[PDB]
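Pasting run_37.cif here (mmCIF, C-alpha atoms and all ligand atoms):
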```
data_upload
loop_
_atom_site.label_atom_id
_atom_site.label_comp_id
_atom_site.auth_asym_id
_atom_site.auth_seq_id
_atom_site.Cartn_x
_atom_site.Cartn_y
_atom_site.Cartn_z
CA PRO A 1 80.11 112.64 86.54
CA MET A 2 82.68 113.05 89.26
CA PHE A 3 86.16 114.48 88.61
CA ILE A 4 88.93 114.44 91.18
CA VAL A 5 92.35 116.11 90.97
CA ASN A 6 95.16 115.52 93.45
CA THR A 7 98.21 117.73 92.92
CA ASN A 8 101.36 119.00 94.56
CA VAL A 9 100.56 122.50 93.26
CA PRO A 10 99.90 124.70 96.33
CA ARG A 11 96.41 125.90 97.19
CA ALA A 12 97.15 129.56 96.31
CA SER A 13 98.09 128.44 92.78
CA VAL A 14 94.66 126.83 92.20
CA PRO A 15 92.50 129.58 90.69
CA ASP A 16 89.29 130.34 92.56
CA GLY A 17 87.28 129.65 89.39
CA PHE A 18 88.86 126.32 88.55
CA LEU A 19 86.06 124.10 90.03
CA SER A 20 83.42 126.03 88.07
CA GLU A 21 85.54 125.94 84.88
CA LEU A 22 85.97 122.17 85.15
CA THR A 23 82.23 121.71 85.84
CA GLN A 24 81.23 123.68 82.76
CA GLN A 25 83.82 122.13 80.44
CA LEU A 26 83.03 118.59 81.64
CA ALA A 27 79.34 119.21 80.97
CA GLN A 28 80.15 120.09 77.40
CA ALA A 29 82.57 117.21 76.90
CA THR A 30 80.38 114.45 78.42
CA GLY A 31 77.02 115.78 77.28
CA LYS A 32 75.79 115.56 80.90
CA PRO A 33 74.11 118.63 82.33
CA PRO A 34 76.29 120.52 84.81
CA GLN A 35 73.91 120.06 87.77
CA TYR A 36 75.01 116.38 87.81
CA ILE A 37 78.74 117.09 87.81
CA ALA A 38 80.86 117.06 90.92
CA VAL A 39 84.47 118.30 91.09
CA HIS A 40 87.07 117.92 93.83
CA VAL A 41 90.53 119.47 93.82
CA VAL A 42 93.17 118.57 96.39
CA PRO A 43 96.30 120.81 96.42
CA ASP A 44 99.47 120.74 98.49
CA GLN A 45 99.95 116.99 98.10
CA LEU A 46 103.12 115.03 98.81
CA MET A 47 103.63 113.39 95.43
CA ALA A 48 106.22 112.25 92.94
CA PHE A 49 105.92 111.36 89.27
CA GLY A 50 108.85 109.47 87.75
CA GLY A 51 110.72 110.12 90.95
CA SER A 52 110.55 113.91 90.53
CA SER A 53 108.58 116.37 92.69
CA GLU A 54 107.97 118.94 89.94
CA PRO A 55 104.27 119.84 89.50
CA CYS A 56 102.11 116.84 88.66
CA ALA A 57 98.48 115.63 88.95
CA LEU A 58 96.74 112.32 89.57
CA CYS A 59 93.13 112.49 88.55
CA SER A 60 90.06 110.38 88.13
CA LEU A 61 86.96 110.80 86.02
CA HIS A 62 83.92 108.63 86.83
CA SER A 63 80.82 108.64 84.61
CA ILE A 64 77.81 106.40 84.04
CA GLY A 65 78.49 105.79 80.36
CA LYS A 66 80.33 108.31 78.16
CA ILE A 67 83.60 106.45 78.86
CA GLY A 68 85.51 104.60 76.16
CA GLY A 69 88.62 104.48 74.02
CA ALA A 70 87.87 107.45 71.76
CA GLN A 71 86.03 109.52 74.36
CA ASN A 72 88.85 109.05 76.87
CA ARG A 73 91.45 110.19 74.30
CA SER A 74 89.42 113.42 73.89
CA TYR A 75 88.93 113.93 77.61
CA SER A 76 92.68 113.69 78.15
CA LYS A 77 93.25 116.59 75.71
CA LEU A 78 90.59 118.68 77.43
CA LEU A 79 91.86 117.96 80.94
CA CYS A 80 95.58 118.24 80.15
CA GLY A 81 94.75 121.59 78.51
CA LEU A 82 93.01 122.84 81.61
CA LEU A 83 95.65 121.60 84.06
CA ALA A 84 98.40 123.02 81.87
CA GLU A 85 96.84 126.49 81.63
CA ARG A 86 95.37 126.88 85.12
CA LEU A 87 97.84 124.93 87.26
CA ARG A 88 100.96 125.12 85.02
CA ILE A 89 101.40 121.34 85.04
CA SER A 90 103.26 119.71 82.11
CA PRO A 91 100.88 117.24 80.36
CA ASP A 92 103.39 114.40 80.64
CA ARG A 93 103.05 114.69 84.44
CA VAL A 94 99.29 114.04 84.45
CA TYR A 95 97.55 110.74 84.91
CA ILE A 96 93.77 110.40 84.56
CA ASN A 97 92.02 107.19 85.57
CA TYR A 98 88.70 106.74 83.75
CA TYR A 99 85.83 104.74 85.32
CA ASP A 100 82.63 103.67 83.59
CA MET A 101 80.32 103.28 86.57
CA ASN A 102 77.27 101.04 86.63
CA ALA A 103 74.22 103.05 87.68
CA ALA A 104 73.50 100.44 90.37
CA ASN A 105 76.86 101.28 91.99
CA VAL A 106 76.26 105.03 92.25
CA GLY A 107 74.35 106.30 95.25
CA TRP A 108 72.64 109.67 95.44
CA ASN A 109 69.75 111.17 97.40
CA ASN A 110 69.11 108.10 99.60
CA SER A 111 69.07 105.71 96.68
CA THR A 112 70.97 104.77 93.52
CA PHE A 113 70.64 105.58 89.84
CA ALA A 114 69.64 101.99 88.88
CA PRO B 1 101.82 102.46 87.96
CA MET B 2 100.41 104.76 90.59
CA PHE B 3 100.53 104.09 94.31
CA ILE B 4 98.62 106.08 96.90
CA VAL B 5 98.89 105.82 100.70
CA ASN B 6 96.43 107.50 103.05
CA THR B 7 97.42 107.37 106.72
CA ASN B 8 96.76 108.87 110.15
CA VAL B 9 100.51 108.96 110.98
CA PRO B 10 101.86 112.54 111.19
CA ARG B 11 103.66 114.24 108.30
CA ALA B 12 106.86 114.52 110.38
CA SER B 13 106.98 110.68 110.73
CA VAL B 14 107.23 110.28 106.93
CA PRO B 15 110.92 109.84 106.15
CA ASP B 16 112.81 111.99 103.72
CA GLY B 17 113.45 109.46 100.97
CA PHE B 18 110.07 107.75 101.26
CA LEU B 19 108.54 108.71 97.92
CA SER B 20 111.85 107.86 96.15
CA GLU B 21 112.01 104.55 97.94
CA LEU B 22 108.46 103.67 96.92
CA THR B 23 109.19 104.68 93.34
CA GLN B 24 112.28 102.44 93.13
CA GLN B 25 110.77 99.48 94.97
CA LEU B 26 107.68 99.54 92.81
CA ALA B 27 109.78 99.79 89.64
CA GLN B 28 111.60 96.63 90.67
CA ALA B 29 108.45 94.79 91.86
CA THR B 30 106.35 95.58 88.77
CA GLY B 31 109.15 95.65 86.20
CA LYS B 32 107.71 98.97 85.00
CA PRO B 33 110.05 101.86 84.19
CA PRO B 34 110.49 104.29 87.09
CA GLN B 35 109.79 107.31 84.88
CA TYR B 36 106.15 106.24 84.63
CA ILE B 37 105.64 105.48 88.35
CA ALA B 38 103.64 107.96 90.42
CA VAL B 39 103.49 107.87 94.20
CA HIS B 40 101.30 109.85 96.57
CA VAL B 41 101.42 109.90 100.37
CA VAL B 42 98.69 111.55 102.48
CA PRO B 43 99.46 111.84 106.20
CA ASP B 44 97.58 113.34 109.12
CA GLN B 45 94.28 111.73 108.06
CA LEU B 46 91.22 111.24 110.20
CA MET B 47 90.85 107.47 110.04
CA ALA B 48 89.79 104.46 112.00
CA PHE B 49 90.53 100.77 111.40
CA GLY B 50 88.36 98.38 113.39
CA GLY B 51 87.12 101.42 115.31
CA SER B 52 90.62 102.19 116.62
CA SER B 53 92.74 105.22 115.71
CA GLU B 54 96.09 103.46 116.19
CA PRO B 55 98.36 103.90 113.13
CA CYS B 56 96.77 102.55 109.97
CA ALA B 57 96.80 102.97 106.19
CA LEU B 58 94.48 102.70 103.26
CA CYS B 59 96.30 102.37 99.93
CA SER B 60 95.78 101.65 96.27
CA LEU B 61 98.05 100.35 93.55
CA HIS B 62 96.89 100.81 89.95
CA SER B 63 98.80 99.19 87.06
CA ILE B 64 98.21 98.32 83.44
CA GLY B 65 98.73 94.59 83.91
CA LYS B 66 101.15 93.03 86.41
CA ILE B 67 98.18 92.56 88.74
CA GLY B 68 96.90 89.18 89.92
CA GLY B 69 96.78 86.49 92.63
CA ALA B 70 100.44 85.79 93.30
CA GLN B 71 101.77 89.18 92.21
CA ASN B 72 99.37 90.97 94.60
CA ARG B 73 100.52 88.80 97.54
CA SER B 74 104.10 89.77 96.72
CA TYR B 75 103.19 93.47 96.47
CA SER B 76 101.41 93.29 99.83
CA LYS B 77 104.44 91.78 101.54
CA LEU B 78 106.63 94.46 99.97
CA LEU B 79 104.39 97.38 100.77
CA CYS B 80 103.32 96.38 104.27
CA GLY B 81 107.02 95.81 105.01
CA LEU B 82 107.73 99.35 103.87
CA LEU B 83 104.82 100.88 105.87
CA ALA B 84 105.92 98.93 108.99
CA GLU B 85 109.63 99.82 108.72
CA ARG B 86 109.23 103.48 107.65
CA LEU B 87 105.88 104.57 109.09
CA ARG B 88 105.56 102.13 112.05
CA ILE B 89 102.22 100.81 110.86
CA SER B 90 101.26 97.24 111.75
CA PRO B 91 100.57 95.10 108.66
CA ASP B 92 97.16 94.08 110.04
CA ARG B 93 96.09 97.74 110.00
CA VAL B 94 96.82 98.21 106.28
CA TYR B 95 94.52 97.68 103.35
CA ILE B 96 95.75 97.89 99.74
CA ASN B 97 93.29 97.95 96.87
CA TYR B 98 94.79 96.58 93.60
CA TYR B 99 93.43 97.72 90.23
CA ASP B 100 94.26 96.17 86.84
CA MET B 101 93.58 99.13 84.57
CA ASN B 102 92.72 98.83 80.90
CA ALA B 103 95.11 100.97 78.90
CA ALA B 104 92.16 102.78 77.24
CA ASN B 105 91.07 103.89 80.73
CA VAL B 106 94.40 105.51 81.62
CA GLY B 107 94.92 109.05 80.31
CA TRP B 108 98.35 110.65 80.01
CA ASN B 109 99.73 113.53 77.95
CA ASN B 110 96.73 114.32 75.78
CA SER B 111 95.88 110.69 75.01
CA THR B 112 95.54 107.28 76.60
CA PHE B 113 97.90 104.33 76.81
CA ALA B 114 95.82 102.21 74.45
CA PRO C 1 84.99 97.08 104.11
CA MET C 2 86.37 100.55 103.68
CA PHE C 3 84.34 103.73 103.61
CA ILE C 4 85.75 107.09 102.56
CA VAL C 5 83.95 110.47 102.81
CA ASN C 6 85.39 113.59 101.28
CA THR C 7 83.49 116.75 102.17
CA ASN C 8 83.74 120.53 102.12
CA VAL C 9 82.20 120.80 105.59
CA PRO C 10 84.71 122.06 108.17
CA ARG C 11 86.54 119.70 110.53
CA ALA C 12 84.80 121.25 113.58
CA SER C 13 81.45 120.20 112.13
CA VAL C 14 82.34 116.49 112.29
CA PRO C 15 80.94 115.37 115.65
CA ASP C 16 83.02 113.47 118.16
CA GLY C 17 82.41 109.77 117.65
CA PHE C 18 81.41 110.01 113.97
CA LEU C 19 84.03 107.45 112.80
CA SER C 20 82.92 105.03 115.56
CA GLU C 21 79.30 105.44 114.48
CA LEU C 22 80.16 104.77 110.82
CA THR C 23 82.12 101.67 111.84
CA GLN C 24 79.23 100.31 113.92
CA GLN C 25 76.50 101.09 111.39
CA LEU C 26 78.50 99.67 108.47
CA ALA C 27 79.08 96.43 110.47
CA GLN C 28 75.30 96.11 110.88
CA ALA C 29 74.55 96.99 107.25
CA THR C 30 77.12 94.74 105.59
CA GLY C 31 77.25 91.92 108.17
CA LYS C 32 81.03 92.23 108.30
CA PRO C 33 82.87 92.32 111.62
CA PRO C 34 83.57 95.81 112.83
CA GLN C 35 87.20 94.97 113.58
CA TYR C 36 87.82 94.78 109.80
CA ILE C 37 85.92 97.94 108.82
CA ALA C 38 88.00 100.96 107.91
CA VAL C 39 86.63 104.53 107.83
CA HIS C 40 88.30 107.71 106.54
CA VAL C 41 86.76 111.18 106.74
CA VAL C 42 88.32 114.14 104.90
CA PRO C 43 86.79 117.51 105.77
CA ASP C 44 87.58 121.04 104.55
CA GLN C 45 87.87 119.96 100.91
CA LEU C 46 87.75 122.18 97.85
CA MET C 47 84.65 120.78 96.10
CA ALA C 48 81.66 121.59 94.01
CA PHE C 49 78.47 119.71 93.20
CA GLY C 50 76.39 120.96 90.29
CA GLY C 51 78.61 124.04 90.31
CA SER C 52 77.53 124.90 93.84
CA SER C 53 79.98 125.13 96.72
CA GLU C 54 77.28 124.48 99.37
CA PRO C 55 77.86 121.43 101.64
CA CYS C 56 78.37 118.24 99.70
CA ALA C 57 80.11 114.87 99.89
CA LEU C 58 81.80 112.39 97.60
CA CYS C 59 82.11 108.93 99.10
CA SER C 60 83.18 105.41 98.31
CA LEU C 61 82.30 102.08 99.86
CA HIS C 62 84.51 99.12 98.95
CA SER C 63 83.47 95.60 100.08
CA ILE C 64 84.37 92.00 99.19
CA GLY C 65 80.85 91.03 98.16
CA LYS C 66 77.73 92.51 99.87
CA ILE C 67 77.43 94.94 96.94
CA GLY C 68 74.50 94.97 94.55
CA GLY C 69 71.25 96.61 93.43
CA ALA C 70 69.12 96.32 96.52
CA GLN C 71 71.98 96.36 98.99
CA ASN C 72 73.40 99.56 97.52
CA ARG C 73 70.03 101.35 97.74
CA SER C 74 69.94 100.36 101.41
CA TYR C 75 73.51 101.57 102.01
CA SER C 76 72.68 104.87 100.30
CA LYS C 77 69.68 105.47 102.57
CA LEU C 78 71.75 104.67 105.63
CA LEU C 79 74.77 106.73 104.70
CA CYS C 80 72.91 109.77 103.28
CA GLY C 81 70.89 109.70 106.49
CA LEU C 82 74.01 109.87 108.58
CA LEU C 83 75.64 112.56 106.47
CA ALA C 84 72.48 114.69 106.73
CA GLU C 85 71.93 114.25 110.48
CA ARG C 86 75.57 114.40 111.56
CA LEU C 87 77.22 116.65 108.98
CA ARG C 88 74.11 118.63 107.79
CA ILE C 89 74.73 117.67 104.17
CA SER C 90 71.68 117.38 101.97
CA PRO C 91 71.25 113.85 100.51
CA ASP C 92 70.83 115.33 97.04
CA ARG C 93 74.44 116.68 97.34
CA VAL C 94 76.00 113.28 98.10
CA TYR C 95 77.48 110.79 95.70
CA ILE C 96 78.56 107.32 96.87
CA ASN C 97 80.58 105.04 94.62
CA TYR C 98 80.21 101.32 95.39
CA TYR C 99 82.96 98.80 94.54
CA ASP C 100 82.59 95.04 94.76
CA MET C 101 86.26 94.00 95.21
CA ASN C 102 87.72 90.63 94.31
CA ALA C 103 89.37 89.18 97.43
CA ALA C 104 92.59 88.57 95.44
CA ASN C 105 92.74 92.31 94.77
CA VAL C 106 92.70 93.33 98.44
CA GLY C 107 95.98 93.36 100.37
CA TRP C 108 96.15 93.09 104.17
CA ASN C 109 98.64 91.72 106.76
CA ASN C 110 101.49 91.07 104.27
CA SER C 111 99.25 89.08 101.91
CA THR C 112 95.80 89.27 100.27
CA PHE C 113 92.40 87.83 101.11
CA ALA C 114 90.83 85.01 99.14
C1 LIG A 201 70.11 111.89 85.80
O1 LIG A 201 71.26 112.08 85.00
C2 LIG A 201 72.49 111.74 85.51
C3 LIG A 201 73.62 112.29 84.94
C4 LIG A 201 74.88 111.96 85.43
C5 LIG A 201 75.02 111.07 86.49
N1 LIG A 201 76.29 110.74 86.97
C6 LIG A 201 76.64 111.15 88.33
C7 LIG A 201 77.79 110.29 88.84
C8 LIG A 201 78.06 110.18 90.20
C9 LIG A 201 79.13 109.41 90.66
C10 LIG A 201 79.93 108.74 89.74
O2 LIG A 201 80.97 107.94 90.14
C11 LIG A 201 79.66 108.86 88.39
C12 LIG A 201 78.59 109.64 87.94
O3 LIG A 201 78.37 109.75 86.60
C13 LIG A 201 77.14 110.12 86.11
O4 LIG A 201 76.89 109.92 84.93
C14 LIG A 201 73.89 110.51 87.05
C15 LIG A 201 72.62 110.84 86.56
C1 LIG A 202 106.58 102.66 79.79
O1 LIG A 202 105.19 102.50 79.56
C2 LIG A 202 104.31 102.59 80.62
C3 LIG A 202 104.65 102.22 81.93
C4 LIG A 202 103.70 102.34 82.95
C5 LIG A 202 102.41 102.81 82.67
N1 LIG A 202 101.45 102.91 83.70
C6 LIG A 202 101.15 104.21 84.27
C7 LIG A 202 99.80 104.16 84.98
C8 LIG A 202 99.06 105.31 85.22
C9 LIG A 202 97.81 105.24 85.86
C10 LIG A 202 97.31 104.02 86.26
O2 LIG A 202 96.10 103.95 86.86
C11 LIG A 202 98.04 102.87 86.00
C12 LIG A 202 99.28 102.95 85.38
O3 LIG A 202 99.98 101.79 85.15
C13 LIG A 202 100.92 101.71 84.17
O4 LIG A 202 101.26 100.58 83.79
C14 LIG A 202 102.08 103.16 81.36
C15 LIG A 202 103.03 103.06 80.34
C1 LIG A 203 86.77 89.09 108.85
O1 LIG A 203 87.24 88.96 107.50
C2 LIG A 203 87.17 90.04 106.63
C3 LIG A 203 86.33 91.14 106.82
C4 LIG A 203 86.31 92.18 105.88
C5 LIG A 203 87.16 92.17 104.76
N1 LIG A 203 87.15 93.28 103.86
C6 LIG A 203 88.15 94.30 104.09
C7 LIG A 203 88.26 95.17 102.86
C8 LIG A 203 89.40 95.91 102.64
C9 LIG A 203 89.48 96.68 101.47
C10 LIG A 203 88.47 96.68 100.54
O2 LIG A 203 88.57 97.39 99.39
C11 LIG A 203 87.34 95.92 100.75
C12 LIG A 203 87.24 95.19 101.93
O3 LIG A 203 86.10 94.46 102.08
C13 LIG A 203 86.11 93.39 102.94
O4 LIG A 203 85.14 92.62 102.89
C14 LIG A 203 88.00 91.09 104.59
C15 LIG A 203 88.00 90.03 105.52
#
```

Please, can you express the file's structure as C-alpha cells?
Amino acid sequence: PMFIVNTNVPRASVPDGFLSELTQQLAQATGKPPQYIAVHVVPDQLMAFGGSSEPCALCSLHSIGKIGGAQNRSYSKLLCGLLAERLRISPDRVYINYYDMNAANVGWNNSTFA
Amino acid sequence: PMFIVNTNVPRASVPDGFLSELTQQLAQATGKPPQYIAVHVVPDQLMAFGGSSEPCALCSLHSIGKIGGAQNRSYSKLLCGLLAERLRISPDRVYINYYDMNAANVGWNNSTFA
Amino acid sequence: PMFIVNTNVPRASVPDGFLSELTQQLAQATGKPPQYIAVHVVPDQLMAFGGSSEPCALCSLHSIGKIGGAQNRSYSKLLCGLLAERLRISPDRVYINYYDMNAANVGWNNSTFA
C-alpha cells in the first residue's frame, strides 16, 4: 500500500516517528507486510476545510485489494485516531480517499505487479 | 468536494482570499455545502508543461457525484478563469483531473460517506 | 499525459534538464505530443518505503488511453531506469501508479477533452 497525508500542520509538529508508526499500523490493518508499505507526509500546506484554516488533512490510501465498504470504515477509525493523537487534527477535518488499484496499474522494480 | 492546485507560480502571487474564493465558487458550482469543501493550493513547484516552465497548473477535483461531461466543462471554464485572473496562468497550461468518488471510498470522521 | 514524482532525494540531486528529459522520453513512450505532456517533480519529501527512509519515489502517470498491461511494464522499465540513473533511486524503492483517464474527466483550456 501507499498512504499519503497532506496537512497544514507545520513540519515541527509532525513527530519524527510518525512515518514508521503509520507503516506498522497500516501493515496490521491491511494484512500486508510492512516492507510493501510506503508513507508520505507533507506538512506546512496552504489548505482550507469548510472555509477554515484550522488544522486539517487530506489523505489517500491506495492498495491492491483490501479496499471496500467495511474495510474503509475501519481504516478511517485507525487513521483519524493516529492523526488526532500525533498531529492534533480534529477527525471531522480529515478526508481520506481510498483507491483499490489493479495490479497491472502499479509499477515497481522496472515492471508491474500484474 | 476537494480541490487541489499544484503550480509553479510563487507563493507571494497567490492572493489573500484565494482559498475562500475557491471554497465559495465550488460550493455554488457543485451545489455542495461549503462546510464539506476542502481546497489545497501548492505553489513554488518544479513543473513543466510542454517542456516549458512558463506558469502552469496541475489540479484535481474530487466529488461524490456532480461529475460528468457537461458539468466538467463548466467546472473547467470556472476554474481556468480563476487561475487566469488570480494566478495569471494561461488556460492552455492547466490540466484538471476530475474524479467521481464512490461514497464508500471517501473516509471522514471515523467512517465513510456511504 | 501528466507525470508526477515525489521523492525524498534533495533538490540539488535533481540534474539540470531532468524535466525536459522526462517530457521527451514520455513523448516517445506514449506517442503523445510533447507539447501536451506535463511533468512535476517534488524533491525533499518526508517519505518512507518499507519503513526505510533511504532514497525512494512515489509516482503517478495519467494518460488518456495508452495505459495497459504491457504498456505499463514498458513505462515502469523506462521510468525506473531514469530515476535510478538520474536520481540514484533504486528501482525496488519506486512505486508508479498508472491511471487511464476518460477524456471527459480531463479539463484543459476552459473545457475538457473528448
Ligand atoms: C507482493 O505483495 C505486495 C503487497 C502490497 C503491494 N502493494 C503496493 C502498492 C503500491 C502502489 C499502490 O498504489 C498500491 C499498492 O498496494 C499494494 O497492495 C504490492 C505487492
Ligand atoms: C453534506 O454532505 C457532503 C457533502 C460533500 C461531501 N464530499 C466531500 C468529499 C471528500 C473527499 C472526496 O474525494 C470527495 C468529496 O466529495 C463530496 O461530495 C460529502 C458529504
Ligand atoms: C494533442 O492532444 C492531446 C495530448 C495529450 C492529452 N492528455 C493530457 C492529459 C492531461 C491530464 C491527464 O490526467 C491525462 C492526460 O493525458 C492525455 O492524453 C490530451 C490531448

How close does region 29-95 of chain C get to region 36-56 of chain B? List, as a tab-separated table, each residue of region 29-95 of chain C within 10 Å, its nearest atom pair and the distance in Å to one decimal, counting only C-alpha atoms.
```
residue	atom	partner	partner_atom	distance
C:33	CA	B:50	CA	8.4
C:34	CA	B:50	CA	5.5
C:35	CA	B:50	CA	3.6
C:36	CA	B:50	CA	5.1
C:37	CA	B:50	CA	5.2
C:38	CA	B:49	CA	4.3
C:39	CA	B:48	CA	5.2
C:40	CA	B:47	CA	4.3
C:41	CA	B:46	CA	5.6
C:42	CA	B:46	CA	6.7
C:43	CA	B:46	CA	8.9
```

All residues having an atom within 12 Å of ligand LIG 203 (chain A) (all atoms listed in the file) as a PyMOL selection string: (chain B and resi 49-50+57-61+92-99) or (chain C and resi 1-4+23+26-27+30-39+60-67+98-109+111-114)

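For these identical-sequence chains, chain B and chain C, a least-squares overlay on all C-alpha positions gives an RMSD of 0.2 Å.
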
Distance in Å - atom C1 of ligand LIG 202 (chain A) versus CA of residue 91 (chain A): 15.7 Å

Shortest interatomic distance to chain B - which of C:8, C:110, C:13, C:76, counting only C-alpha atoms: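 Among the listed residues, C:110 lies closest to chain B.
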
Find the axis-aligned box for ligand LIG 202 (chain A), covering all its listed atoms and adding 4 Å on each side, and write its centre and edge lengths in Å to one decimal as JSON.
```
{"center_x": 101.3, "center_y": 102.9, "center_z": 83.2, "size_x": 18.5, "size_y": 12.7, "size_z": 15.3}
```

Atom pair atom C12 of ligand LIG 201 (chain A) / CA of residue 79 (chain A): separation (Å): 17.2 Å

Gap from CA of residue 20 (chain C) to CA of residue 6 (chain C) - Å, one decimal: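 Taking CA of residue 20 (chain C) as the start and CA of residue 6 (chain C) as the end point, the length is 16.8 Å.
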
Nearest residue to chain C from the set B:29, B:14, B:19, B:83 (distances using only C-alpha atoms): B:83
